[PDB]
Amino acid sequence: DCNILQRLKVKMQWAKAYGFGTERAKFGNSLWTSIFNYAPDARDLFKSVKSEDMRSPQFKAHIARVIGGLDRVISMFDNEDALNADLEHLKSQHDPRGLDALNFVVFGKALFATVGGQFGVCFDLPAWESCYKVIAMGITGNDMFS
Amino acid sequence: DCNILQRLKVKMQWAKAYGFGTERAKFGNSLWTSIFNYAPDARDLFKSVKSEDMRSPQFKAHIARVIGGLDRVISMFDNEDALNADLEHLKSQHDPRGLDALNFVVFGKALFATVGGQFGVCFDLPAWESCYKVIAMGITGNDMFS
Amino acid sequence: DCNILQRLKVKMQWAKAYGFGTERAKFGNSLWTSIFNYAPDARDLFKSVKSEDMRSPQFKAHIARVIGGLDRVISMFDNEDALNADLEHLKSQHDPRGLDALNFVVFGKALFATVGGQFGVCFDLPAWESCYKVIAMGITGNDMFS
Amino acid sequence: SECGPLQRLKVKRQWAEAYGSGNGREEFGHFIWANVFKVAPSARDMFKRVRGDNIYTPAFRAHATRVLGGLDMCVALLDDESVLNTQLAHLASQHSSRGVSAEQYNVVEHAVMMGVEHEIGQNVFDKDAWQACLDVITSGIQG
Amino acid sequence: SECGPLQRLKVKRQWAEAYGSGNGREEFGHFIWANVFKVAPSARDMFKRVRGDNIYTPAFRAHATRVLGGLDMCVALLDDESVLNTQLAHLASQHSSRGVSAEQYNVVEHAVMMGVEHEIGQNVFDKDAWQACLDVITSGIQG
Amino acid sequence: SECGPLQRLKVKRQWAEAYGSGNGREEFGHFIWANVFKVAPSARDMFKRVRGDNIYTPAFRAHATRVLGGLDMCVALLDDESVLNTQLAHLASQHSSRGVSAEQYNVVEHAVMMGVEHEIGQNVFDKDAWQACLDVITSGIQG
Amino acid sequence: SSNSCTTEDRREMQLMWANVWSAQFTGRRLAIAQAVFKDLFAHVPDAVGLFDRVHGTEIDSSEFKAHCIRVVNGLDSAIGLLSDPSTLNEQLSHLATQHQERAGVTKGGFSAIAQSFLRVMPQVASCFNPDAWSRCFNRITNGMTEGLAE
Amino acid sequence: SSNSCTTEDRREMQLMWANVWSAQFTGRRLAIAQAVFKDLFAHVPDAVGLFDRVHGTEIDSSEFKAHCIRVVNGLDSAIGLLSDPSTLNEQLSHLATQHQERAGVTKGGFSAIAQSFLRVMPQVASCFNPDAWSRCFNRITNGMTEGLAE
Amino acid sequence: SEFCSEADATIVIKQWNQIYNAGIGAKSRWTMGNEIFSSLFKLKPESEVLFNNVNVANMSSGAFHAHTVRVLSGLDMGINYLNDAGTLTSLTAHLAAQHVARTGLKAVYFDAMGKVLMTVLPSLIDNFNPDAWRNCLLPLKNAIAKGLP
Amino acid sequence: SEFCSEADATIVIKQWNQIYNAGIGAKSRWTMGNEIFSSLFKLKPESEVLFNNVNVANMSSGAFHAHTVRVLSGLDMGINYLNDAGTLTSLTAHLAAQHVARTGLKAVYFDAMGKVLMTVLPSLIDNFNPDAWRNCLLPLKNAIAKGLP
Ligand code: HEM
Ligand code: HEM
Ligand code: HEM
Ligand code: HEM
Ligand code: HEM
Ligand code: HEM
Ligand code: HEM
Ligand code: HEM
Ligand code: HEM
Ligand code: HEM
Ligand SMILES: *[C@@H]1O[C@H](CO[C@@H]2O[C@@H](C)[C@@H](O)[C@@H](O)[C@@H]2O)[C@@H](O)[C@H](O)[C@H]1NC(C)=O
Ligand SMILES: *[C@@H]1O[C@H](CO[C@@H]2O[C@@H](C)[C@@H](O)[C@@H](O)[C@@H]2O)[C@@H](O)[C@H](O)[C@H]1NC(C)=O
Ligand SMILES: [Ca+2]
Ligand SMILES: [Ca+2]
Ligand SMILES: [Ca+2]
C-alpha cells in the first residue's frame, strides 16, 4: 500500500499537525506521553536521555531528534531512493540497540492519536497506517509491518 | 482484550466526543463522510436509504440509527449479558444482508478518526481498537475481529 | 393634495421603512397585526387566505401580494397614467368582493403607524394621509376619500 | 457600442456611486485631471485662468467642481433626450469659443472612465456602455 | 541574470502567492493586461477574437484566465526542464501562427513582473530572478 | 513661484511627514526612483555602479538611501541659507563630475513631488511651494 | 435535491482545492493529474486510443505528463472561476467548442472521468465532500458538454 | 551577554531617535551634531587635525556645521536602516570604503566617538538606554570599520 | 419544496434590490418594461397578441406600463421571498393558477422569458451572477409555469 | 546559555519555515542540498573528501540526498528551538559530540558553511534579515562547532 496520493496526503496532514516553533515541542510531548501511557514499560528504555523526568532538556532533546527525523522521513515520502537510504540509515542506528519491534507498533498508535487529535476529524487513518508500515519496516526490518 | 478499564475510558471518550443535540447529527455526518471516502464502493450498499444524497432526510435518519446503535452498544460495555444480548440481536438484523465484513473494518477506521479528531490528542486508540472488535465480532460473527 | 414633492417624499419614506428580503415579510406582518387589532371584525373577511392563523403560508402569501401591490402603487406615484391605470385595475379586482370602504380607512391608520414607527420620528403624516387618499379613491372609488 | 436605454441606466447608477456625496469629490476631481495633463500636458495651456499650472489650487479645484457638476447633469438626463439636448447645446455654446480639439474630448473621455473605474472598481465597470454614452455627451458639446 | 535552480524556487513561491486561490485572479488578470495595452496599444489588434477592445468583458477575462493558467504551468515546471520544454514547445506551436513580435513578449514580460510585484510587494520582489526566468519561458515559446 | 520663508516652513513639515521614521523609507525610496526610470529610462545608464538595472537590490536601495538622506539635509536647512549654500555647493562638487543634464534634475524634481504627494496626500500637497523650493535645491547643485 | 452547484459548494470546493493544488508545490499536481487518467484508462479501455497524440499509452512519457497537467490546470481555472460565473460561462463555451473537434469525445467519457475524480480526490484531499464536489463538477462538465454526443 | 544588536534595541533605538531627530525641527539636529564633535575634540586632542578640510578648528564655521549635520544624518540613515539589514550591510560597506581613504581614521577614533555619543544622548533624549544604544551603535561602526586600523 | 440555497438566494436578492426598489423614478421602471417585453416579443412574436387588455399595441400607454409593473412587482415579490420556502411555494402556486386559467399561454413563453432576463439584467447589474440567478430563477419559472402547455 | 532574543528568534523561525516545512516536494529539498554543498565544496574542496559514506562522489544519489536532509532536519530542528534555551543547549551539545568524534573536520569548515547559508538563503527567502540570522545562527555554529580543531 502507501501509494503516492496517500504519501502526499500524509505530508499535508503531518505538516499541518506538526506546526513550527513552539508547536513542535508541544506536539512531540503529547506523542511520547501517549507512548508512555500506552506502553508504560517502554519508559525505562530511555534512561540515557534522562527520561525519569519528561521536562528535562535531555528528554526534550530526545523528543526533538525523534520527531524531527520523523518529519524528515515523511518529507521524503515521495522519493523512494532517499527514503530507503534514510530508512536504512535509521535501521543501522536502531539495530545496535536491539529493540522490541512491538514498540514501533505502540509508536504508530501514539502518532495516529496525536496527529489525529491535532489535525481533526478529517484524519485519514488508513492512509497513515499503510504509510507508517513503510517507515517501521525500513527501520526495524521486522516482518511485523507487512 | 478490552478490559473493563478500557471499557470505561471508551465511554468517557465517547460521551465527550459524541456530544448532544446538534453535535450527534454532525458527528455521524463526519463519520459517514469518512467511510465513503475510505471505501467509495460502500456508498452503493445503502441505495435503499438514499445514500445518493448524504443530506437527504432518509440518510440523515439512517445516520441517526447507526450512531444511536453504536451509542447504546458502547454504553453496555460494562454488562456482558445485556451487551451480548443486543449485540447478537444486531447480528440477527445484519446477517440477512450478507454484508462483507471488510466494511466493518472500514467502519472502525472512520470511528477512530471521528472520535479522536473530536476528543483531541488524549484519544486512546489502542483501547478503542480492542473494544471495537468486541462490537464487530458480535455483529459480524467473523473470526477476523478476534 | 398629494403634490409631487409629497409623492417623492412618500416613496423615500416607504422604501426605507419597507426594506428588502426578510424585512418586507416582517413589515407587512406588523401592518396586518395592526389591522386586526384596530378592526378585529375584518379578520374573518379573509377566510379564503387561511387568516385563522397569521403564520400560515396562505396568509403570508396574502400579506406579500397586498403590500407588494402597495409597493408598486407607491412606485408609480410620480406618473399619473400608469398609477390610475393600476388603481383602476385594483378597483375592478376589489369591487367584485364588495368590501366596506371603512376598512381602507383602517388600512391607512395601520400603514401610518407601521411606516411611522419603522421610519422614525421624521415620518411625514400629513403627506402620507393626503397621498393615501389618492390610493383608496383609486381602488374603492368611494367619495369617503375626498 | 451604442448608448441604449439600458446602458444609460447602468451609467447613471455607477456615476452616482463614483461621484459620491461630496466627501470624495475633491479626490475624484483631482484624480481625473491628473490623467488628462499626464496624457496631454499641452492641454494645461487651455486652462490658464483657473491656474491649470497647479492642480492643487482651490481655484482649479473649483474648475474641477464646475466640469464635474456639469458632467453630472448630462449623465442625470441621459434617459431624457429632450432636456439633455438642451443641456449639451448649452455646454456646446461655451466650449465652441475655446476651440477645443475633438481629440481633447476623447482624452477627458478616457480620463473620466479611468476616474470612474478607479472609484467603483474594474470588476463592475462597463467600458462598452461608458464609451458609447460618453461619446454621446461629447458629441452634443461639439455639434 | 541566469535562471538558476534557486531563482526558480523563489519565483515559484512568489507566483503562487501573487496568483492567489481564485479570489484575486480576476483582478490579477485585469491588472496585467491593462499595462500591456497601455504600453503597447497596438497589441489590442492581435486579440480581436477575445474582444481585446474591452478588458472588462467576460470573454476577454476568459482569455486572461487562459494566459494566466498557461503561464502558471510553466512556472510550476521551471524546476523540471524535461516536461517544461514539452509545455513551452506546446505553447510555441500555437503562438507561431499569430506571428507575435519578440518585443511583444518583453512587454508582457515586464507587465507580468509589474503584476506580480503589485501583488506581493516591492520589498520582496526579485527582478533579477524574475527577468532571467521569464526570458526562459518566452524563449521556449519563440523557439 | 518663489521659495519664500513660509513656503520653506510648509515644505519642511511635509517632507518630515513623507520621509517618515525609517519604516516607510524603503518604500519611499523605491517609489521615487521608479518614476524617474519610467519617465527617463536612459537615466539608468548613469547609475551603473549601484546596479541601476534593478531597483530592488540592497546596493541600489543604499543609493536611494544616500540621495534621500542628502535631500533631507537640504530641506532641513532651507531656512538657513548660510549652511544651505555650503551643503548644496558640497553636493555640487560631486555631481559635476557625472555631467548630469539639467533636465535630469527636473525629472527627479517631479518624481520627488510625486513621491511626497503620494505619501502625504493630494489634498494637503502644495505644488507651488514645492516646485519653487525644489528649483532652489537643484540650482545650487548645478551652480 | 436541486443538484445545482450552490455557492456553499463553490466555497467548499475552492477551499479544499486551493490547499491541495497550488503553484509552489510541483509534483503534487502531477501525482493527482496522472492518477485520474490512470483510473480512466482502466475503467474505459477504448479511451487511451483518444490520447495517442500525447502518448497516452506511455503514462510516464513527458508528453502525457504535460497533457495531464494541462487538463487539471484547466480544471483549476474553472474551480477558481466559480466565483465569477460570467467569465466561467464564456470560458466553458471555449472548452466545449474545443473538445468536440476531437472525434470520440463523448458525454459518457466525461461521466467516466467524474467517477475517476470521485475516487481520487478523497485519497489526496482531506475534508473532501463528494456531493458538493460532484454537483459543481457536473455543473462544469455540462458547460463543456454543450455540443457533443452522449 | 551576547552584545549583539537585538531587534528589541532596534525598535528602542529607532523610536527614541526618531522623536529627537526629525526633518521639520532644524537646529535640533545641529545642537546634537555640534556637541558630539565638541566632546570628541576635547577627549582626542590630535583629532581636529583630521577635520581641517571642514575647518574643524572653527566649530561654528558654516563649513564645520555642514559636516556635523552630514555625519549624524548618515547615522540617522543607519538607525533607520536597522529595520532592513540587507540594505544596511550594503550601505555600511560604502561608508567603510569611504572612511579609510581619509588617512588617520582609526578604530580607536570610532571608539572615542562612541563614548562621545554615550554622554551626549541622555542630555537631549529622554528614556535613553545606553546598553541598547551601544550594542547597535557598535554593530554599525564595525560595519564602517571593516577595513581600517585600530 | 426548496428553491435555492441561502447564499445563492442572498446573492439574488441583493443584486435585484440594487436595480429595483420603491424609490426609483417611474421612468426607469418603464425603460425596463419595454426593453424586456420588446425583446420577449422578438423571441416570441406569437406571444405579443395575448396582452390585448393592457393595450399592448402601444407600449407607451399607461395601461401597458401598469401591466409591466404588475409583472415586475410579482417578480420582485418572489425574489425577496427566496429565503422563505413555505410562503414562496404558496406564492408560486397562486401565480400559476392565474396564468394557466388564462387561455393561449405556453411553457415555451416562460422559457423564452427566462432567456430575456438572463440577457437583459447583465447590462444593468454590476457583476451579474448567472449561476446563482439560474439556481434561484428556474425554480420560480418552473413553479410559475407549472401546468401550462 | 542564551542564543538570541525572542524577536530575533521569531524572525528566523518564520523566514525559515517559509522555505522549509514538511509539505515541500522532495525535488525542492534536493535543489537545496546540492546548491549548498556544491558551494561549500567550492569554498572548501578539501572538505568534499569526508562524505565518503554518503556517496558524495555522486550528489544525485539517494544516499547523499538522504544525508543532506539529515543535515537540514537537524538545522530545521535547531531553528524551531531557538526560543527554548535549555533544550537547544542540550541539542547543540549532542551534535558537537557527533562531529568532534568524526575524524578530519575543522572549525573553518563550519565557518565557511556559515557564509554559504548567509549567501544561499537570500535568493530563496523574501526580505532576508542578515542581522537577526547572524544573531541566531552564529550561536548555533559555535555551539555545534565547539571542540573542533
Ligand atoms: C519513526 C520512528 C522513529 C524515528 C524516526 C526515530 C529516530 C531516532 C533518532 C533521530 C534518534 C537519535 C539519533 C542521534 O542521536 O543522532 C533516535 C534514538 C533512539 N531511539 Fe528512535 N526513532 C523512532 C522510533 C523509536 C522507537 C519505537 C523506539 C523504541 C524504544 C526508539 C528508541 C530509541 C532509543 C533508545 C534511542 C537512543 C537515544 C539516545 O540514547 O541518545 N526509537 N531515534
Ligand atoms: C457498530 C457498527 C454498526 C451498528 C451498531 C449498526 C446499526 C444499525 C442499525 C441500528 C440499523 C437500523 C435498524 C432498524 O432499521 O431498526 C442498521 C441498518 C443497516 N446497516 Fe448497520 N450498523 C453498523 C455498521 C454497519 C456496516 C459496517 C454496514 C455495511 C457496510 C451496515 C449496513 C447496514 C445496512 C445496509 C442497514 C439497512 C438500513 C435500512 O435499509 O433501513 N451497518 N444498522
Ligand atoms: C392599498 C390597499 C390595498 C392594496 C394595494 C391591495 C391589493 C391586493 C392584492 C394585490 C390582492 C391579490 C391580487 C391577486 O390575487 O392577484 C388583494 C386581494 C384581496 N384584498 Fe386587497 N389590497 C388593499 C387593501 C385591502 C383592504 C382594505 C381590504 C379590506 C378587507 C382588502 C381585501 C382583500 C381581499 C378579501 C382579497 C382576496 C384575497 C384572496 O382571497 O385571494 N384589501 N388585494
Ligand atoms: C465632457 C465635456 C466637458 C464638460 C461637461 C465641461 C464642463 C465645463 C464647465 C461647466 C465649464 C465652466 C464654464 C463657465 O462657467 O464659464 C468649463 C470650462 C472650460 N472648459 Fe470644459 N468641459 C468639458 C470638456 C472640455 C474639454 C475636453 C476641454 C479641452 C480639452 C475643455 C475646456 C474648457 C475651457 C478652456 C474652459 C474655461 C476655462 C476657464 O474658465 O478658464 N472643456 N468646462
Ligand atoms: C508569456 C507568454 C504567453 C503565454 C503563456 C500565452 C498563453 C496563451 C494561451 C494559453 C492562449 C490560448 C490559446 C488557445 O486556447 O487557442 C493564448 C492565446 C493567444 N495569445 Fe498568448 N500567451 C503568451 C504570450 C503572448 C504574447 C506576448 C502575445 C502577443 C503580444 C500573444 C498572443 C496571443 C494571441 C493572438 C492568442 C489567440 C487570441 C485569440 O484566441 O483570439 N500571446 N495565449
Ligand atoms: C535632488 C538632487 C540630488 C541629490 C540630493 C543627490 C544625492 C546624491 C548623493 C548623496 C549621492 C552619493 C554620492 C557619493 O556618496 O559619492 C549621489 C550619487 C549620484 N548621483 Fe545624485 N543626487 C541628486 C541628483 C542627481 C541627479 C538628477 C542625477 C542624474 C539624473 C544624479 C546622479 C548621480 C550619480 C551618477 C551618482 C553616483 C552614482 C554611483 O555612486 O554609482 N544625482 N547623489
Ligand atoms: C472536465 C475535465 C476536463 C478538463 C478540465 C479538460 C481540459 C483539457 C485541456 C486544458 C486540454 C488541452 C487544451 C490545449 O491543448 O490547449 C484538453 C485536451 C483534450 N481533452 Fe480534455 N479535459 C477534461 C476532460 C476530458 C475528457 C473526459 C475527455 C474524454 C475523451 C477529454 C478529451 C480530450 C482530448 C482528446 C484532448 C486533446 C489531447 C491532445 O491535444 O493531444 N477531456 N482537455
Ligand atoms: C559612526 C559615526 C560616523 C558617521 C555616521 C560618519 C559619517 C560621515 C559622513 C556622512 C561623512 C561625509 C560623507 C560625504 O562627504 O559624502 C563623513 C566624513 C568624514 N568622516 Fe565620518 N562618520 C562617523 C564617524 C567618524 C569618526 C569617528 C571619524 C574619526 C576620524 C570620522 C572621520 C571622517 C573624516 C576625516 C571625514 C571627511 C571630512 C571631509 O570631507 O572634510 N568619521 N563621515
Ligand atoms: C417570471 C415571469 C412572470 C411573472 C412573475 C408574471 C406575473 C404576472 C402578474 C403579477 C400579473 C398580474 C396579475 C393580476 O392582474 O392580478 C400577470 C398577468 C399576466 N401575465 Fe404574467 N408574469 C410572468 C410572465 C408572463 C409571460 C411569459 C406571459 C406570456 C407570454 C405572461 C402573460 C400574462 C398575461 C396575458 C396577464 C394578464 C394581462 C391582463 O390582465 O390584461 N406572463 N403576470
Ligand atoms: C549547521 C551546520 C551542520 C549541521 C546542523 C549538521 C548536522 C548533521 C546531522 C544531523 C548529521 C547526521 C547525524 C546522523 O547520521 O545521525 C550530520 C552528519 C555529518 N556531518 Fe554535519 N552538520 C553541519 C555541518 C557540517 C559540516 C560543515 C561538515 C564538514 C565540513 C559536516 C560533516 C558531517 C559528516 C562527515 C557527517 C556524517 C556522514 C555520515 O554519517 O556518513 N557537517 N551532520
Ligand atoms: C402611443 O400612445 C401615446 C399615448 O400617450 C399616452 O397615453 C394617453 C392615454 C395619455 O395618458 C398620454 O398622456 C400618455 O402619454 C401616443 O402619444 C403615441 O403617439 C402612441 N404611439 C403610437 C406609435 O401610436
Ligand atoms: C549519479 O548517479 C545516478 C544514479 O541514479 C540514482 O541512484 C541509483 C542508485 C538509483 O536509485 C537511481 O534511481 C537514482 O536516480 C546516475 O544516473 C548518474 O549518471 C550519476 N552521475 C554521474 C555523473 O555519474
Ligand atoms: Ca468619443
Ligand atoms: Ca526577454
Ligand atoms: Ca527646476
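Chains as they are written, first to last, in our numbering: chain R, 464 to 609; chain U, 464 to 609; chain A, 464 to 609; chain V, 180 to 322; chain Y, 180 to 322; chain L, 180 to 322; chain W, 35 to 184; chain S, 35 to 184; chain P, 6 to 154; chain E, 6 to 154.
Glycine is no exception: its CB is placed at the ideal position from the N, C-alpha and C atoms.
Among the residues of its own chain, which have a CB less than 7 Å from the CB of residue i, if the five just before and after it don't count?
| i | result |
| --- | --- |
| residue 610 of chain U | Residue 610 of chain U lies beyond the stretch modelled for chain U, which goes from 464 to 609, so this question has no answer here. |
Using a cut-off of 8 Å between C-beta atoms, extract the partners of residue i located in chain E.
| i | result |
| --- | --- |
| residue 325 of chain Y | Beyond the ends of chain Y as shown, which are 180 and 322, falls residue 325 of chain Y; an answer cannot be given. |
| R:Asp587 | Result: empty, since nearest Cβ-Cβ is about 15 Å, beyond 8 Å. |
Using a cut-off of 8 Å between C-beta atoms, extract the partners of residue i located in chain W.
| i | result |
| --- | --- |
| R:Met539 | Simply none; closest approach about 12 Å. |
Whose CA, out of the options, lies closest to the CA of residue i?
| i | options | result |
| --- | --- | --- |
| Y:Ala213 | Y:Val291, Y:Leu250 and Y:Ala268 | Y:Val291 |
| R:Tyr501 | R:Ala573, R:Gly579, R:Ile598 and R:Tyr595 | R:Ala573 |
Confirm the yes/no value for this check: CB of residue i, any heavy atom of ligand 14, distance under 8 Å.
| i | result |
| --- | --- |
| Y:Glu288 | yes |
| residue 159 of chain E | Within the shown structure, residues of chain E are numbered from 6 to 154, placing residue 159 of chain E beyond reach of any answer. |
Measuring only from the beta carbon, is residue i closer than 8 Å to any heavy atom that is part of ligand 8?
| i | result |
| --- | --- |
| S:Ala69 | no |
| Y:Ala238 | no |
| S:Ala112 | yes |
| S:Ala81 | yes |
| S:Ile174 | yes |
Under 8 Å: does the beta carbon of residue i sit that close to some heavy atom of ligand 10?
| i | result |
| --- | --- |
| E:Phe56 | yes |
Applying a beta-carbon distance threshold of less than 7 Å, which residues of chain W neighbour residue i?
| i | result |
| --- | --- |
| P:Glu53 | Here the premise fails: no neighbours, minimum Cβ distance about 29 Å. |
Grab me the residues of residue i's own chain with a C-beta within less than 8 Å of its C-beta, minus the 5 sequence neighbours each way, in chain order.
| i | result |
| --- | --- |
| L:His209 | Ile234, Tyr235, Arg240 and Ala243 |
Measuring only from the beta carbon, is residue i closer than 8 Å to any heavy atom that is part of ligand 15?
| i | result |
| --- | --- |
| L:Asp305 | no |
Is residue i near ligand 11, judged by its Cβ being under 8 Å from some heavy atom?
| i | result |
| --- | --- |
| P:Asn63 | yes |
I'd like to confirm something about residue i: is its beta-carbon nearer than 8 Å to some heavy atom of ligand 2, or not?
| i | result |
| --- | --- |
| A:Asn500 | no |
Using a threshold of 8 Å, is the CB atom of residue i nearer than that to any non-hydrogen atom of ligand 12?
| i | result |
| --- | --- |
| R:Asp544 | yes |
Residues of the region 191-214 of chain V whose Cβ lies closer than 9 Å to any Cβ of chain L, in chain order | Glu205, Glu206, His209, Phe210 and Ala213
Subject >> Residues of the region 122-133 of chain S whose Cβ lies closer than 9 Å to any Cβ of chain E, in chain order >> reply: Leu122 and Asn123
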